[PDB]
């Protein structure tokens, strides 16, 4: 206001900001998946730090034992939390039902859309765009002209990554074969190891793992092979969701210390959890809206860790073309 004029002096002790309590309900994969759920949890604990809270005293996570536990975890969360995040497309139905029972609480679904509910916000990522960049990187590195893709669960969500990745490989050299296999789970490391073993054995020298915690198996396999080979004969893993450079550390047969993580796609789930938690606490929750994070707003990106300069150039060129609209990346 230009002028106020009628005013009273208020003491700082008598202004107060009402806090929110925010919880994430995570899928089979856990808060220690080194990727999707860990990004969400790192974001919530950053938000907790900023608001002077601790685990189970203003923020927490509920690990879901199975699909049946989604509803039970959301109901438990409604006991003490007024902003509740369902982390993963699979929580769609359970979040819709919980939001109808508790119209006074706010709900966020990550990686899928719920429509026509004033107390639900939906968050999606253009993982096709980051996958494309990963494809360009892979195409510019593969010596065997074969690369692997290990998906978690067949879905709109993982199909975005797969379509982007194939389009990205094809944009550089369509002669490169892309072996695709799904694990049927985001929390099955042993299946990730088996699938990686076969993709590498069949002559893939790079595997992109888009399977959350299942990906720990892909890392374990690549490490095993690379530990029993010369440095210059190593096989690569592409990281997902977080920068997974740290998981790529090994000692070759040769005795050289090295890293088998080529690049990582980034998905800023943690940043989204923190920003929406702050909006919820300020009484500006984006209920009923669909928030789309893409390459332009850096909600997805590629970390170019151990890529060659030729690869880094091809990634920067592809990135610019996606941002300007010259390349439209397929979603299926």
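For the two forms, the rigid core is made up of the largest set of C-alpha atoms that agree within 1.5 Å on superposition. Numbering follows the first chain given and starts at 1.
Novice: C-alpha RMS from this form in 4 other deposited structures of this protein, rigid core superposed: larger for 24 to 32 or 286 to 294?
Specialist: It is 24 to 32 whose C-alphas lie farther from the shown form in 4 other deposited structures of this protein.
Novice: Which wins on mean Cα temperature factor, 151 to 159 or 226 to 234?
Specialist: So the stretch with the higher mean C-alpha B-factor is 226 to 234.
Novice: Would you tell me which stretch averages the higher CA B-factor in the PDB entry, 16 to 24 or 318 to 326?
Specialist: According to the PDB entry, the answer is 318 to 326.
Novice: Out of 115, 242, 166, 193, which residue has the highest Cα temperature factor in the PDB record?
Specialist: Spelled out: the listed residue with the top C-alpha B-factor is 115.
Novice: Hey, what third does residue 78 fall into on Cα B-factor, ranked over its chain?
Specialist: Highest third - that is where residue 78 ends up once the chain's C-alpha B-factors are sorted.
Novice: Could you say whether, by C-alpha temperature factor, residue 209 belongs to the lowest, middle or highest third of its chain?
Specialist: It belongs to the lowest third of the chain when residues are ordered by C-alpha B-factor.
Novice: Grab the CA temperature factor for residue 66 from the record and place it in the lowest, middle or highest third of its chain.
Specialist: Highest third of the chain for residue 66's C-alpha B-factor.
Novice: Would you mind checking where the Cα B-factor of residue 135 ranks among the modelled residues of its chain, as the lowest, middle or highest third?
Specialist: Bottom third by C-alpha B-factor.
Novice: Using the B-factors in the PDB entry, rank residue 30's C-alpha atom against the chain and give the third, lowest, middle or highest.
Specialist: Residue 30: CA B-factor falls in the highest third of its chain.
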